[PDB]
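Summary of the model geometry
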Amino acid sequence: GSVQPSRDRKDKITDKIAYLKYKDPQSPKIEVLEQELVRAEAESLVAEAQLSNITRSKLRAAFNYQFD
Amino acid sequence: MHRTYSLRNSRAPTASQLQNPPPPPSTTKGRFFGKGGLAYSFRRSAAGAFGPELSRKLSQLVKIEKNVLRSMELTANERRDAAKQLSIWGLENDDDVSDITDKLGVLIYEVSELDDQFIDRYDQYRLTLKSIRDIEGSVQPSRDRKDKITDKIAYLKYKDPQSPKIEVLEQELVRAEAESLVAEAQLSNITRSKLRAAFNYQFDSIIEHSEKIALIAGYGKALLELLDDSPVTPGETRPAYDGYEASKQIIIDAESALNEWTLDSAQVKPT
Amino acid sequence: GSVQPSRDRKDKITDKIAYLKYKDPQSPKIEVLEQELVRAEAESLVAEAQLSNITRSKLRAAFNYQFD
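Cut-off values and rules
- Residues numbered from 1 in each chain as written, not as in the entry; some residues may be left out.
- Chains lettered and ligands numbered in written order.
- Part of a larger assembly, values for the part shown.
- Heavy atoms only, no water.
- Helix = DSSP H or I, 4+ residues; strand = E, 2+ residues; numbered from the N terminus.
- Rg over C-alpha atoms; globule rule 2.2 N^0.38 Å.
- Buried < 20%, exposed > 50% of the residue type's maximum accessible area, 1.4 Å probe, protein only.
- Contact = heavy atoms within 4.5 Å.
- Areas by Shrake-Rupley, 256 points an atom, 1.4 Å probe, with all protein chains shown as cover.
- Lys, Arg positive; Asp, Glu negative; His and termini not counted.
- Charge placed at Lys NZ, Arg CZ, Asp CG, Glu CD.
- Salt bridge = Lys/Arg side-chain N within 4 Å of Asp/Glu carboxyl O.
- Buried area = accessible area lost by both parts, 1.4 Å probe.
- Nonpolar A, V, L, I, M, F, W, Y, C, P; charged D, E, K, R; others polar.
- Patch = residues over 30% accessible without salt bridge, like charges linked within 9 Å, V, L, I, M, F, W, Y side chains within 5 Å.
- Core = buried A, V, L, I, M, F, W, Y, C linked by side-chain atoms within 4.5 Å.
- Axes fitted to C-alpha atoms, helices over the stretch in contact; angles between N-to-C directions.
- Parallel < 35°, antiparallel > 145°, perpendicular 65-115°, else oblique.
- Left-handed = near helix turned anticlockwise from the far one by under 90°.
- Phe/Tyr/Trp six-rings, centres within 6.5 Å; stacked < 30°, edge-to-face > 60°.
- Expected span 1.5 Å × (residues − 1).
- Arc of directions from axis to C-beta.

Structure determination for the deposited model, as stated in its record, used cryo-EM, and the stated resolution is 3.67 Å.

Right, here's the structure in full:
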């Protein structure tokens, strides 16, 4: 639940980028917002990878303990 | 800077300074804050107080550059007015004097319009600096978050090393660090590219303006040669003036040369 | 002035297409609006060509008559 806000920020920033591009494709904020979107995306895909890893490990350990 | 190793706030005279003594300092240097007013100073200070810390200096640079552009356009307009009213004064004079001052007014008009073009290029360069300021000041909060989260992690570890939030906060710190080191790399890349491009554009505009002004000055001196500086003895008549055609061709050639000037046509050869 | 509304419609429809694409890229109206944009564009570029032709002809004839 603490890794969720990373994807929340990614979705918000991509929506903002789409809206800005539609409103003004030549706006100076397009480039900086695009860099920020890239940065959140690098923040987010690999965060999904880590989340899958930790979820698998924690679930397996907890359920093994519970079944024992 | 030309200062030699001495405590003197004076530089060794150059070849031009050796040719003739330098003129005395300007008499218009009055006593004030050294800049004229206070509103732009307040704007500069606000740029130096409210903005993000690491982008504050570049925002101040952008504001000061805007001030420079404002002053340059104002002085270009004032030079245009000065040329116009100088030729206005020269209207009621000798016909040779009237023609020479009129052509000089046109030449200063050309200088003013070239200054305006250079000002447009200078504002384009300032906009590029604004762009690099924007991207870098928007990449600053990544490191801001990294510092905040590492401080929070240190405080939590000191307060409770076994707190469950330690692991999730550590993952978040790793994540901001992966977000931040490579963001520094990208910032360095974009800063290098933008700075090189903007300064190359600015220096190209500078050399173009300098060469055009130099050609204007040379043509103006050649046209001043046309002026008859020989004094007439008291009580004598005025010799007839016939320099309309010569100045006619001179201004025609000046316009043709200004059209013909290209970036490669620059004859300045640094060594 | 009667050929101007063709480009007016072209601009309006391209703005509408951009807004719809930003709002909903998967909207069913995208394809029909795109066909309509193509159609106005085929209506408009060659209309510009014809307008240039008729403008040249009319201007030349009228000014020749006036100067005569």
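Each helix and strand in chain A was counted, giving two helices and zero strands. The C-alpha atoms of chain A give 18 Å as radius of gyration, which overshoots the globular expectation for 68 residues (11 Å, by more than 25%). Each principal axis of the C-alpha atoms in chain A carries an extent, and together these give about 60 × 15 × 15 Å. A total of 68 residues make up chain A; the buried ones form 24% of that total.

Let us look at the overall build of chain B. Regarding its fold elements, chain B presents six helices and zero strands. Reading chain B from its N terminus to its C terminus gives the helix and strand order α-α-α-α-α-α. Along the first, second and third principal axes, the C-alpha atoms of chain B reach 110 × 45 × 40 Å. In chain B, which comprises 271 residues, the proportion classed as buried is 27%. Within chain B, residue pairs in contact and separated by at least 24 positions form 75% of the contacts whose partners lie at least 6 positions apart. Of the roughly 19100 Å² that chain B leaves accessible, carbon and sulfur atoms contribute 57%. Chain B carries 38 positive and 42 negative side-chain charges, and their two centres are separated by 14 Å.

We now examine the side chain of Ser44 of chain C. One can find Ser44 of chain C in helix α2 (residues 29-67). Leave out the neighbours within four places in its chain, and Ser44 of chain C touches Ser6, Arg7 and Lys10 of chain C.

The next thing to look at is the pattern of salt bridges. All names here are of chain B. For the coordinates displayed, the defined rule picks out 11 salt bridges over all chains. Residue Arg126 is joined to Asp123 by a salt bridge in which the shortest nitrogen-to-oxygen separation is 3.1 Å. Placement of the pair is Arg126 and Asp123 together in helix α4 (residues 95-159), with a separation of three residues, close to one helical turn. Its salt-bridge partner being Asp134, residue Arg133 comes within 2.9 Å of it at the nearest N-O pair. Because the salt bridges share partners, they merge into one network encompassing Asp94, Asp95 and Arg238.

On the side of chain A, 12 residues touch chain B, which itself brings 14 residues to the contact. Buried area between chain B and chain A, both sides added, is near 1200 Å², and the carbon and sulfur share of it is 42%. Of all residues in chain B, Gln171, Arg175 and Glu179 of chain B bury the most surface against chain A, accounting for 43% of the area lost on that side. Taken together, chain B and chain A are joined by zero salt bridges. Within the residue set of the side of chain B that touches chain A, elements represented by two or more residues are α4 and α5 (165-226) of chain B. By residue number, the principal contributor to the side of chain B that touches chain A is α5 of chain B, which donates nine residues. By residue class, the composition of the side of chain B that touches chain A is six nonpolar, three polar and five charged.

It is worth spelling out a nonpolar patch on the surface at this point. The grouping of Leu59, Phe63 and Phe67 of chain A at the surface amounts to a nonpolar patch, some 380 Å² of accessible area in total. In this structure, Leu59 of chain A sits in helix α2 (residues 29-67).

A few words on the environment of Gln4 of chain A. All names here are of chain A. With respect to the helices and strands, the residue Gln4 is situated in helix α1 (residues 4-23). The class of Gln4 is partly exposed, set by a relative accessible area of 41%. Along the primary structure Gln4 and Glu48 are separated by 44 residues, whereas in three dimensions their C-alpha atoms are 9.2 Å apart.

What follows deals with the nonpolar core. All names here are of chain B. In terms of nonpolar packing, the biggest core is built from nine residues, these being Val62, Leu69, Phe118, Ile119, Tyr122, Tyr125, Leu129, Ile132 and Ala198. Within the residue set of this core, elements represented by two or more residues are α3 (53-91) and α4. Considering every element that reaches this core, the biggest residue donor is α4, with six residues. The residues contacting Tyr122, other than those within four sequence positions of it, are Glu65, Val68, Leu69 and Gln202. Ranked by size, the runner-up nonpolar core spans six residues in total, among them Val111, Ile216, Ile251 and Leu258.

Time to look at the packing of α1 of chain A against α2 of chain A. All names here are of chain A. Packing of α1 against α2 leaves a shortest axis separation of 9 Å and a crossing angle of 150°. Comparing their axes, α2 and α1 come out roughly antiparallel. Pair α1 / α2 crosses with left-handed handedness. Contact residues: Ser6, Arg7, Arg9, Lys10, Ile13, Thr14, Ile17, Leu20 and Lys21 in α1; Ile30, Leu33, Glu34, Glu36, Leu37, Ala40, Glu41, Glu43, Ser44 and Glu48 in α2.

Moving on: the arrangement of the chains. Most contacts, compared over the two pairs of chains touching, are made between chains A and B. When C-alpha atoms are compared, chain B and chain C, though not in contact, are closest at a spacing of 24 Å.

What follows deals with the packing of aromatic side chains. Within this structure, the stated rule accounts for 13 aromatic pairs over all chains. Judged by centre distance (5.6 Å) and plane angle (45°), the ring pair of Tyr22 of chain A and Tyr19 of chain C falls under tilted. Taken as a pair, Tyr22 of chain A in helix α1 and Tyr19 of chain C in helix α1 (residues 4-23) lie in two separate chains rather than in one. Site record: aromatic cluster; members linked through ring pairs are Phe118, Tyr122, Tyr125, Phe199 and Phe203 of chain B.

All names here are of chain C. Here α1 spans 29 Å end to end across 20 residues, near enough to the 28 Å set by a 1.5 Å rise per residue. Within α1, the full set of buried residues consists of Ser6, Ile13 and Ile17. In a view along the axis of α1, the buried residues occupy a sector of 45°, so they form one face of it. With respect to the buried face of α1, the exposed residues turned more than 90 degrees away are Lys12 and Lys23.

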